[PDB]
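File shown: coords_20.csv (CSV, C-alpha atoms and all ligand atoms).
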```
chain,number,residue,atom,x,y,z
A,1,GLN,CA,-39.0,1.3,-49.7
A,2,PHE,CA,-40.0,3.8,-52.4
A,3,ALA,CA,-38.4,7.3,-52.6
A,4,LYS,CA,-41.2,8.6,-54.8
A,5,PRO,CA,-44.6,7.3,-55.9
A,6,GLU,CA,-43.1,6.6,-59.3
A,7,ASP,CA,-40.8,4.0,-57.8
A,8,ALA,CA,-43.7,2.2,-56.3
A,9,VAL,CA,-45.4,2.2,-59.7
A,10,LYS,CA,-42.3,0.8,-61.4
A,11,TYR,CA,-42.0,-1.9,-58.7
A,12,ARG,CA,-45.6,-3.1,-59.0
A,13,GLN,CA,-45.4,-3.1,-62.8
A,14,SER,CA,-42.2,-5.1,-62.8
A,15,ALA,CA,-43.7,-7.6,-60.3
A,16,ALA,CA,-46.7,-8.0,-62.5
A,17,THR,CA,-44.5,-8.5,-65.5
A,18,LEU,CA,-42.8,-11.4,-63.8
A,19,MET,CA,-46.1,-12.8,-62.5
A,20,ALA,CA,-47.4,-12.8,-66.1
A,21,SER,CA,-44.4,-14.7,-67.3
A,22,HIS,CA,-44.3,-17.3,-64.6
A,23,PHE,CA,-48.2,-17.8,-64.9
A,24,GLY,CA,-48.5,-17.6,-68.6
A,25,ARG,CA,-45.6,-19.8,-69.4
A,26,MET,CA,-47.6,-22.7,-68.1
A,27,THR,CA,-50.4,-22.3,-70.6
A,28,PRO,CA,-48.9,-24.8,-73.1
A,29,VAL,CA,-48.5,-27.3,-70.2
A,30,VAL,CA,-52.1,-27.0,-68.9
A,31,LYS,CA,-53.3,-27.2,-72.5
A,32,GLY,CA,-51.3,-30.3,-73.2
A,33,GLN,CA,-49.3,-28.8,-76.0
A,34,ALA,CA,-46.1,-29.0,-73.9
A,35,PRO,CA,-45.1,-32.0,-71.7
A,36,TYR,CA,-46.0,-32.0,-68.1
A,37,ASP,CA,-42.9,-32.4,-65.8
A,38,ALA,CA,-44.3,-32.3,-62.3
A,39,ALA,CA,-41.0,-31.2,-60.8
A,40,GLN,CA,-40.6,-28.4,-63.3
A,41,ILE,CA,-44.0,-27.1,-62.6
A,42,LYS,CA,-43.6,-27.5,-58.8
A,43,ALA,CA,-40.5,-25.3,-59.0
A,44,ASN,CA,-42.1,-22.7,-61.3
A,45,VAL,CA,-45.2,-22.4,-59.1
A,46,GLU,CA,-42.9,-21.8,-56.0
A,47,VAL,CA,-41.4,-18.9,-57.9
A,48,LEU,CA,-44.9,-17.6,-58.8
A,49,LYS,CA,-45.9,-18.1,-55.1
A,50,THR,CA,-43.1,-15.7,-54.1
A,51,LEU,CA,-43.8,-13.2,-56.9
A,52,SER,CA,-47.6,-13.2,-56.2
A,53,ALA,CA,-47.1,-11.7,-52.8
A,54,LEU,CA,-45.1,-8.8,-53.9
A,55,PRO,CA,-47.3,-6.2,-55.8
A,56,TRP,CA,-49.6,-5.4,-52.9
A,57,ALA,CA,-47.1,-3.6,-50.7
A,58,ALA,CA,-46.4,-1.2,-53.6
A,59,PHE,CA,-49.9,0.2,-53.5
A,60,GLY,CA,-49.3,2.1,-50.3
A,61,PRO,CA,-50.8,5.4,-49.4
A,62,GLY,CA,-49.8,8.1,-51.9
A,63,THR,CA,-48.6,5.8,-54.6
A,64,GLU,CA,-51.4,6.6,-57.0
A,65,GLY,CA,-50.2,6.4,-60.7
A,66,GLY,CA,-49.6,4.0,-63.5
A,67,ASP,CA,-52.6,2.1,-64.6
A,68,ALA,CA,-53.9,1.7,-61.0
A,69,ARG,CA,-57.4,3.0,-60.6
A,70,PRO,CA,-57.9,5.4,-57.7
A,71,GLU,CA,-60.6,3.0,-56.4
A,72,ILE,CA,-57.8,0.8,-55.1
A,73,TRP,CA,-57.3,3.4,-52.3
A,74,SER,CA,-60.8,4.6,-51.7
A,75,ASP,CA,-62.1,1.0,-51.6
A,76,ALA,CA,-59.3,-0.5,-49.7
A,77,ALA,CA,-61.3,-3.3,-48.2
A,78,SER,CA,-62.6,-4.5,-51.5
A,79,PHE,CA,-59.2,-4.3,-53.1
A,80,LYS,CA,-57.7,-6.3,-50.2
A,81,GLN,CA,-60.4,-8.9,-50.7
A,82,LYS,CA,-59.4,-9.2,-54.4
A,83,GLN,CA,-55.7,-9.6,-53.5
A,84,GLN,CA,-56.4,-12.2,-50.7
A,85,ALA,CA,-58.7,-14.2,-52.9
A,86,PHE,CA,-56.0,-14.2,-55.6
A,87,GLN,CA,-53.4,-15.3,-53.1
A,88,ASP,CA,-55.7,-18.0,-51.8
A,89,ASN,CA,-56.1,-19.3,-55.3
A,90,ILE,CA,-52.2,-19.3,-55.6
A,91,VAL,CA,-52.2,-21.5,-52.5
A,92,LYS,CA,-54.4,-24.0,-54.3
A,93,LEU,CA,-52.3,-23.9,-57.4
A,94,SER,CA,-49.3,-24.6,-55.2
A,95,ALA,CA,-51.1,-27.6,-53.7
A,96,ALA,CA,-52.0,-29.0,-57.1
A,97,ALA,CA,-48.4,-28.5,-58.3
A,98,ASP,CA,-47.0,-30.1,-55.1
A,99,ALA,CA,-49.3,-33.1,-55.7
A,100,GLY,CA,-48.1,-33.6,-59.3
A,101,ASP,CA,-51.7,-33.9,-60.7
A,102,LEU,CA,-52.2,-32.2,-64.1
A,103,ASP,CA,-56.0,-32.3,-63.8
A,104,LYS,CA,-55.9,-30.5,-60.5
A,105,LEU,CA,-53.2,-28.1,-62.0
A,106,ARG,CA,-55.4,-27.2,-64.9
A,107,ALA,CA,-58.4,-26.4,-62.7
A,108,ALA,CA,-56.3,-24.4,-60.2
A,109,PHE,CA,-54.6,-22.5,-63.0
A,110,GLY,CA,-57.9,-21.5,-64.4
A,111,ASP,CA,-59.0,-20.2,-61.0
A,112,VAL,CA,-55.9,-18.2,-60.6
A,113,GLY,CA,-56.3,-16.6,-64.0
A,114,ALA,CA,-59.9,-15.7,-63.3
A,115,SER,CA,-58.7,-14.0,-60.1
A,116,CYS,CA,-56.1,-12.0,-62.1
A,117,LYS,CA,-58.7,-10.9,-64.5
A,118,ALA,CA,-61.3,-10.0,-61.9
A,119,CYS,CA,-58.9,-7.6,-60.2
A,120,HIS,CA,-57.9,-6.0,-63.5
A,121,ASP,CA,-61.5,-5.6,-64.5
A,122,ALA,CA,-62.2,-3.6,-61.4
A,123,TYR,CA,-59.0,-1.9,-60.5
A,124,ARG,CA,-56.7,-1.6,-63.6
A,125,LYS,CA,-57.3,1.3,-66.0
B,1,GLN,CA,-40.8,-18.9,-72.1
B,2,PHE,CA,-40.4,-15.8,-74.4
B,3,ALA,CA,-42.2,-15.4,-77.6
B,4,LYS,CA,-39.8,-12.8,-79.0
B,5,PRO,CA,-36.4,-11.6,-77.8
B,6,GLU,CA,-38.0,-8.4,-76.6
B,7,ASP,CA,-40.0,-10.5,-74.1
B,8,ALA,CA,-36.8,-11.8,-72.6
B,9,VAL,CA,-35.4,-8.3,-72.4
B,10,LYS,CA,-38.5,-7.1,-70.6
B,11,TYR,CA,-38.3,-10.0,-68.2
B,12,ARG,CA,-34.7,-9.6,-67.2
B,13,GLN,CA,-35.1,-5.8,-66.8
B,14,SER,CA,-38.1,-6.4,-64.6
B,15,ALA,CA,-36.3,-9.0,-62.5
B,16,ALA,CA,-33.4,-6.6,-62.1
B,17,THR,CA,-35.8,-3.8,-61.1
B,18,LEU,CA,-37.1,-6.0,-58.3
B,19,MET,CA,-33.6,-7.1,-57.3
B,20,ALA,CA,-32.5,-3.5,-57.0
B,21,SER,CA,-35.5,-2.7,-54.7
B,22,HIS,CA,-35.1,-5.7,-52.4
B,23,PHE,CA,-31.2,-5.1,-52.2
B,24,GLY,CA,-31.3,-1.4,-52.0
B,25,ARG,CA,-34.0,-1.1,-49.5
B,26,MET,CA,-31.6,-2.5,-47.0
B,27,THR,CA,-29.1,0.3,-47.3
B,28,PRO,CA,-30.5,2.3,-44.4
B,29,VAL,CA,-30.5,-0.8,-42.2
B,30,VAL,CA,-26.8,-1.8,-43.0
B,31,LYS,CA,-25.9,1.9,-42.4
B,32,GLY,CA,-27.7,2.1,-39.1
B,33,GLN,CA,-30.0,4.8,-40.2
B,34,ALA,CA,-33.0,2.5,-39.9
B,35,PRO,CA,-33.5,-0.1,-37.1
B,36,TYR,CA,-32.3,-3.7,-37.6
B,37,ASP,CA,-35.2,-6.2,-37.2
B,38,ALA,CA,-33.6,-9.6,-37.8
B,39,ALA,CA,-36.8,-11.3,-38.8
B,40,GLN,CA,-37.7,-8.5,-41.3
B,41,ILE,CA,-34.3,-8.8,-42.9
B,42,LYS,CA,-34.3,-12.6,-43.0
B,43,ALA,CA,-37.7,-12.4,-44.8
B,44,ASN,CA,-36.5,-9.8,-47.3
B,45,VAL,CA,-33.3,-11.6,-48.1
B,46,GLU,CA,-35.4,-14.8,-48.9
B,47,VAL,CA,-37.3,-12.7,-51.4
B,48,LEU,CA,-34.0,-11.4,-52.8
B,49,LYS,CA,-32.7,-15.0,-52.9
B,50,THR,CA,-35.6,-16.0,-55.2
B,51,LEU,CA,-35.3,-12.9,-57.4
B,52,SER,CA,-31.5,-13.2,-57.7
B,53,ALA,CA,-31.9,-16.5,-59.6
B,54,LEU,CA,-34.2,-15.2,-62.2
B,55,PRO,CA,-32.5,-12.9,-64.7
B,56,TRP,CA,-29.9,-15.4,-66.0
B,57,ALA,CA,-32.4,-17.7,-67.8
B,58,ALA,CA,-33.6,-14.6,-69.8
B,59,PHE,CA,-30.3,-14.2,-71.5
B,60,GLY,CA,-30.7,-17.3,-73.7
B,61,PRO,CA,-29.5,-17.6,-77.2
B,62,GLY,CA,-31.0,-15.0,-79.5
B,63,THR,CA,-32.1,-12.7,-76.8
B,64,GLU,CA,-29.6,-9.9,-77.6
B,65,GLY,CA,-31.1,-6.4,-76.9
B,66,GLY,CA,-31.7,-4.0,-74.1
B,67,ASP,CA,-28.6,-2.8,-72.3
B,68,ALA,CA,-27.1,-6.3,-72.4
B,69,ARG,CA,-23.7,-6.3,-74.0
B,70,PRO,CA,-23.1,-8.8,-76.8
B,71,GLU,CA,-20.1,-10.1,-74.8
B,72,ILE,CA,-22.6,-11.9,-72.6
B,73,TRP,CA,-23.1,-14.4,-75.4
B,74,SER,CA,-19.7,-14.6,-77.0
B,75,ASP,CA,-18.0,-14.9,-73.5
B,76,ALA,CA,-20.6,-17.2,-72.0
B,77,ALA,CA,-18.2,-18.8,-69.5
B,78,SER,CA,-17.0,-15.5,-68.1
B,79,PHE,CA,-20.6,-14.3,-67.8
B,80,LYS,CA,-21.6,-17.5,-66.1
B,81,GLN,CA,-18.8,-17.0,-63.7
B,82,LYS,CA,-20.0,-13.5,-62.8
B,83,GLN,CA,-23.5,-14.8,-62.3
B,84,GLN,CA,-22.5,-17.7,-60.1
B,85,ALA,CA,-20.1,-15.5,-58.0
B,86,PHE,CA,-23.0,-13.2,-57.5
B,87,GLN,CA,-25.3,-16.0,-56.5
B,88,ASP,CA,-22.7,-17.3,-54.1
B,89,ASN,CA,-22.5,-14.0,-52.5
B,90,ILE,CA,-26.3,-14.1,-52.2
B,91,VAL,CA,-25.9,-17.4,-50.3
B,92,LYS,CA,-23.6,-15.7,-47.9
B,93,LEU,CA,-26.0,-12.8,-47.4
B,94,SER,CA,-28.7,-15.3,-46.7
B,95,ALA,CA,-26.5,-16.9,-44.1
B,96,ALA,CA,-25.8,-13.6,-42.4
B,97,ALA,CA,-29.5,-12.8,-42.4
B,98,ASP,CA,-30.5,-16.2,-41.1
B,99,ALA,CA,-27.9,-15.7,-38.3
B,100,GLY,CA,-29.3,-12.4,-37.2
B,101,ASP,CA,-26.0,-10.6,-37.1
B,102,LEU,CA,-25.8,-7.0,-38.4
B,103,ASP,CA,-22.0,-7.0,-38.6
B,104,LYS,CA,-22.1,-10.0,-40.8
B,105,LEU,CA,-25.0,-8.6,-42.8
B,106,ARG,CA,-23.2,-5.4,-43.5
B,107,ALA,CA,-20.1,-7.2,-44.8
B,108,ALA,CA,-22.2,-9.7,-46.9
B,109,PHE,CA,-24.3,-6.8,-48.3
B,110,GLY,CA,-21.2,-5.1,-49.5
B,111,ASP,CA,-19.9,-8.2,-51.2
B,112,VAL,CA,-23.2,-8.6,-53.0
B,113,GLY,CA,-23.2,-5.1,-54.2
B,114,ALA,CA,-19.7,-5.4,-55.5
B,115,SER,CA,-20.8,-8.4,-57.4
B,116,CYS,CA,-23.7,-6.5,-59.0
B,117,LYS,CA,-21.4,-3.7,-60.0
B,118,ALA,CA,-18.6,-6.0,-61.4
B,119,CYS,CA,-21.1,-7.6,-63.7
B,120,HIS,CA,-22.6,-4.3,-64.9
B,121,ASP,CA,-19.1,-2.9,-65.5
B,122,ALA,CA,-18.3,-5.7,-67.8
B,123,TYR,CA,-21.6,-6.7,-69.4
B,124,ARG,CA,-24.1,-3.8,-69.2
B,125,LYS,CA,-24.0,-1.1,-71.8
C,1,LIG,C1,-55.4,-7.0,-57.8
C,1,LIG,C2,-55.8,-7.7,-56.5
C,1,LIG,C3,-54.7,-7.7,-58.9
C,1,LIG,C4,-54.4,-9.0,-59.1
C,1,LIG,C5,-55.0,-10.2,-58.4
C,1,LIG,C6,-53.6,-9.2,-60.2
C,1,LIG,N1,-53.3,-7.9,-60.7
C,1,LIG,FE1,-52.2,-7.5,-62.3
C,1,LIG,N2,-52.3,-5.5,-62.0
C,1,LIG,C7,-53.1,-4.9,-61.0
C,1,LIG,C8,-53.0,-3.5,-61.1
C,1,LIG,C9,-53.8,-2.6,-60.3
C,1,LIG,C10,-52.2,-3.2,-62.1
C,1,LIG,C11,-51.7,-1.9,-62.6
C,1,LIG,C12,-50.4,-1.5,-61.8
C,1,LIG,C13,-49.9,-0.1,-62.3
C,1,LIG,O1,-49.7,0.8,-61.4
C,1,LIG,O2,-49.9,0.2,-63.5
C,1,LIG,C14,-51.7,-4.5,-62.6
C,1,LIG,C15,-50.9,-4.6,-63.7
C,1,LIG,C16,-50.6,-5.8,-64.4
C,1,LIG,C17,-49.8,-6.0,-65.6
C,1,LIG,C18,-49.2,-4.9,-66.4
C,1,LIG,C19,-47.9,-4.5,-65.8
C,1,LIG,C20,-47.0,-3.5,-66.5
C,1,LIG,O3,-46.0,-3.9,-67.1
C,1,LIG,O4,-47.4,-2.3,-66.5
C,1,LIG,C21,-49.7,-7.4,-65.8
C,1,LIG,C22,-49.0,-8.0,-66.9
C,1,LIG,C23,-50.4,-8.0,-64.8
C,1,LIG,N3,-50.9,-7.1,-63.9
C,1,LIG,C24,-50.6,-9.4,-64.7
C,1,LIG,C25,-51.2,-10.1,-63.7
C,1,LIG,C26,-51.3,-11.5,-63.6
C,1,LIG,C27,-50.6,-12.5,-64.5
C,1,LIG,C28,-52.0,-11.8,-62.4
C,1,LIG,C29,-52.4,-13.1,-61.8
C,1,LIG,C30,-51.4,-14.2,-61.9
C,1,LIG,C31,-52.3,-10.5,-61.9
C,1,LIG,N4,-51.8,-9.5,-62.6
C,1,LIG,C32,-53.1,-10.3,-60.7
C,1,LIG,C33,-53.8,-5.6,-60.0
C,1,LIG,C34,-53.9,-7.0,-59.9
C,2,LIG,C1,-24.4,-10.3,-64.4
C,2,LIG,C2,-23.9,-11.6,-63.8
C,2,LIG,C3,-25.2,-9.4,-63.5
C,2,LIG,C4,-25.3,-9.3,-62.1
C,2,LIG,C5,-24.6,-10.1,-61.1
C,2,LIG,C6,-26.3,-8.3,-61.8
C,2,LIG,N1,-26.7,-7.7,-62.9
C,2,LIG,FE1,-28.0,-6.1,-63.0
C,2,LIG,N2,-28.0,-6.3,-65.1
C,2,LIG,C7,-27.2,-7.1,-65.8
C,2,LIG,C8,-27.4,-6.8,-67.2
C,2,LIG,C9,-26.7,-7.5,-68.3
C,2,LIG,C10,-28.4,-5.9,-67.3
C,2,LIG,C11,-29.0,-5.3,-68.5
C,2,LIG,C12,-30.3,-6.1,-68.9
C,2,LIG,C13,-30.9,-5.6,-70.3
C,2,LIG,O1,-31.1,-6.4,-71.2
C,2,LIG,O2,-31.1,-4.4,-70.4
C,2,LIG,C14,-28.7,-5.5,-66.0
C,2,LIG,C15,-29.6,-4.5,-65.6
C,2,LIG,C16,-29.9,-4.1,-64.3
C,2,LIG,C17,-30.7,-3.0,-63.9
C,2,LIG,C18,-31.6,-2.1,-64.9
C,2,LIG,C19,-32.8,-2.8,-65.3
C,2,LIG,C20,-33.8,-2.0,-66.1
C,2,LIG,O3,-34.9,-1.6,-65.6
C,2,LIG,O4,-33.5,-1.9,-67.3
C,2,LIG,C21,-30.7,-2.9,-62.6
C,2,LIG,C22,-31.5,-1.9,-61.7
C,2,LIG,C23,-29.9,-3.9,-62.1
C,2,LIG,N3,-29.4,-4.6,-63.1
C,2,LIG,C24,-29.6,-4.2,-60.8
C,2,LIG,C25,-28.8,-5.2,-60.2
C,2,LIG,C26,-28.6,-5.4,-58.9
C,2,LIG,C27,-29.3,-4.6,-57.7
C,2,LIG,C28,-27.8,-6.5,-58.8
C,2,LIG,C29,-27.2,-7.3,-57.6
C,2,LIG,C30,-28.1,-7.4,-56.4
C,2,LIG,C31,-27.5,-6.9,-60.1
C,2,LIG,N4,-28.2,-6.1,-61.0
C,2,LIG,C32,-26.7,-7.9,-60.5
C,2,LIG,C33,-26.3,-8.0,-65.3
C,2,LIG,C34,-26.1,-8.4,-64.0
C,3,LIG,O1,-51.0,-14.3,-68.1
C,3,LIG,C1,-51.9,-13.6,-67.7
C,3,LIG,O2,-53.0,-14.0,-67.2
C,3,LIG,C2,-53.8,-12.9,-66.7
C,3,LIG,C3,-55.2,-12.9,-67.4
C,3,LIG,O3,-55.0,-12.7,-68.9
C,3,LIG,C4,-55.9,-14.2,-67.2
C,3,LIG,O4,-57.3,-14.1,-67.7
C,3,LIG,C5,-53.0,-11.7,-67.1
C,3,LIG,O5,-53.5,-10.5,-66.8
C,3,LIG,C6,-51.9,-12.1,-67.6
C,3,LIG,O6,-50.8,-11.4,-68.1
C,4,LIG,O1,-29.0,-1.2,-55.5
C,4,LIG,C1,-28.2,-1.5,-56.4
C,4,LIG,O2,-26.9,-1.9,-56.1
C,4,LIG,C2,-26.2,-2.2,-57.3
C,4,LIG,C3,-24.9,-1.4,-57.4
C,4,LIG,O3,-25.2,0.0,-57.4
C,4,LIG,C4,-24.1,-1.7,-56.2
C,4,LIG,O4,-22.8,-1.1,-56.3
C,4,LIG,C5,-27.2,-1.8,-58.4
C,4,LIG,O5,-26.8,-1.9,-59.7
C,4,LIG,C6,-28.3,-1.4,-57.9
C,4,LIG,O6,-29.5,-1.0,-58.5
```
Re-express the file's structure as structure tokens.
Amino acid sequence: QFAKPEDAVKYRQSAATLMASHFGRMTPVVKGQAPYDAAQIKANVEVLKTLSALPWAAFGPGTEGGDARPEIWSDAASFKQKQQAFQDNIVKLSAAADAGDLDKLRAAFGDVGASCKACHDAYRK
Amino acid sequence: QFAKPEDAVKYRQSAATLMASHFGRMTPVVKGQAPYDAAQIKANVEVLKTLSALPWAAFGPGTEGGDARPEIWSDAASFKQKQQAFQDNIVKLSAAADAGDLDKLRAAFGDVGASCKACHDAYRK
């Protein structure tokens, strides 16, 4: 859906920006510094769910640029593993949110964050 | 969820960027230049659905900046009307997509686009 590689870059960056906001805004809740409203969190994680699936299609062939390391393309299977592991941890966060359990939510949140960071450490400049 | 007004700006711009991609990528389909796969479109409009609800919460009090006209805040009821009309036209596009009918889709797509543009004409610098 991208006319030029730069359009794919702008898309994936914008998707990541929204991901960071919908993930990060729960930090005060998982830490207890903000109240836990199970319905609020369930709704937010559904938004994060949808957003979390979007960046990967914007790393197609020929879309090298931005802060994406070239290894994303030459090591496609390893990058796909990182993305699917991340999306699997998103499924677990959704389950914790849907269950309404703050303990489970704080564990699942941590697992998601570690997945974000493991991918950045390997594949983000 | 925004530490500083600039964070709200960056959010709403990124949400708009994704909206433009998930709306605009259907142009070749509504024009007939690309094939119409009803399931593909139904899935894409569900993504657009979710995205379409996101910008408005990032125009809260004190988040003046970017290319947002100050009138968004001093004419809050008119801006809310523009956003709700837009979201209502998104509901109609969802119904056309869910029904699998290209004629309906091309009419609803046009209505959505006009709603985007009417808001920009009034409230985007
Ligand atoms: C690989 C499987 C990744 C996972 C999982 C996550 N991110 Fe990521 N992110 C990745 C890349 C390769 C890039 C660079 C994209 C480019 O072309 O520049 C990014 C970028 C970001 C950014 C910065 C975006 C910007 O405005 O430029 C953020 C804020 C970001 N990513 C956040 C983020 C979060 C919160 C994640 C888990 C919830 C996450 N990313 C996962 C690759 C991958
Ligand atoms: C008001 C009710 C709006 C509707 C409906 C739509 N948009 Fe919009 N958009 C609006 C404002 C006030 C702004 C400026 C935000 C800022 O602070 O700068 C925007 C911006 C955009 C942009 C540019 C984003 C960027 O990268 O800076 C785009 C591409 C955009 N909007 C697209 C868009 C589409 C495709 C819409 C309907 C599907 C749509 N917008 C609706 C306000 C409003
Ligand atoms: O909110 C965020 O979480 C991840 C990472 O910091 C988690 O360790 C990331 O890259 C964000 O923007
Ligand atoms: O794809 C888009 O559609 C609207 C407008 O051009 C429709 O008239 C907009 O602002 C986009 O980025």
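Note that the spacing between CA of residue 118 (chain A) and atom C17 of ligand LIG 1 (chain C) amounts to 12.7 Å.
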- [ ] Would you kindly report the residues of chain A within 6 Å of chain B, using only C-alpha atoms, as a ChimeraX atom specification?
- [x] /A:1,14,25
TODO: Would you list the residues near (-32.1, -12.5, -73.3), meaning any protein, DNA or RNA residue with an atom at most 10 Å from that point in file coordinates, counting all atoms listed in the file, as number ranges by chain?
DONE: B: 2, 4-13, 55-66, 68, 72-73
Please identify all polymer residues within 10 Å of residue 91 (chain B), counting only C-alpha atoms, omitting same-chain residues fewer than 6 positions from it, and present them as a JSON list (two decimals) with C-alpha atoms, keeping the file's coordinate frame.
```json
[["chain", "number", "residue", "atom", "x", "y", "z"],
["B", 45, "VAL", "CA", -33.30, -11.60, -48.10],
["B", 46, "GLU", "CA", -35.40, -14.80, -48.90],
["B", 49, "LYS", "CA", -32.70, -15.00, -52.90],
["B", 85, "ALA", "CA", -20.10, -15.50, -58.00],
["B", 97, "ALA", "CA", -29.50, -12.80, -42.40],
["B", 108, "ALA", "CA", -22.20, -9.70, -46.90],
["B", 112, "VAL", "CA", -23.20, -8.60, -53.00]]
```
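Distances to residue 119 (chain A) were evaluated for A:42, A:79, A:27, A:33 using all atoms listed in the file, and the minimum falls at A:79.
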- [ ] Calculate how many Å separate CA of residue 52 (chain B) from atom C27 of ligand LIG 1 (chain C), rounding to one decimal.
- [x]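 It comes out at 20.3 Å.
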Open item on the list: as a list in words, please: every protein or nucleic acid residue near ligand LIG 3 (chain C) (cut-off 6 Å, counting only C-alpha atoms and all ligand atoms).
Closed with: residues 20, 23, 24, 113, 114, 116 and 117 of chain A
With C-alpha atoms retained, could you export that selection as a PDB file, in the frame of the given file?
```
ATOM      1  CA  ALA A  20     -47.400 -12.800 -66.100  1.00  0.00           C
ATOM      2  CA  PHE A  23     -48.200 -17.800 -64.900  1.00  0.00           C
ATOM      3  CA  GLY A  24     -48.500 -17.600 -68.600  1.00  0.00           C
ATOM      4  CA  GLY A 113     -56.300 -16.600 -64.000  1.00  0.00           C
ATOM      5  CA  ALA A 114     -59.900 -15.700 -63.300  1.00  0.00           C
ATOM      6  CA  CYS A 116     -56.100 -12.000 -62.100  1.00  0.00           C
ATOM      7  CA  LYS A 117     -58.700 -10.900 -64.500  1.00  0.00           C
TER       8      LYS A 117
END
```
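Atom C4 of ligand LIG 2 (chain C) to CA of residue 93 (chain B) spans 15.1 Å [interatomic distance, one decimal].
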Six-sided padding of 4 Å per side, axis-aligned box over ligand LIG 1 (chain C), centre and edges in Å, one decimal, as lines of an AutoDock Vina configuration file:
```
center_x = -50.9
center_y = -6.7
center_z = -61.8
size_x = 17.8
size_y = 23.0
size_z = 18.6
```
TODO: Pick out the closest residue to residue 35 (chain A) from this set: A:102, A:96, A:81, A:121. Count all atoms listed in the file.
DONE: A:102
Task: Nearest candidate to residue 70 (chain A) (options A:94, A:43, A:86, A:122; using only C-alpha atoms) - done: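 Smallest distance to residue 70 (chain A) is found for A:122.
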Open item on the list: Under the rule that only C-alpha atoms and all ligand atoms are counted, which of B:67, B:98, B:75, B:92 is the nearest residue to ligand LIG 2 (chain C)?
Closed with: B:67
Open item on the list: I'd like to know which of B:105, B:69, B:88, B:44 is closest to residue 32 (chain B), using only C-alpha atoms.
Closed with: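 Using only C-alpha atoms, residue 32 (chain B) sits closest to B:105.
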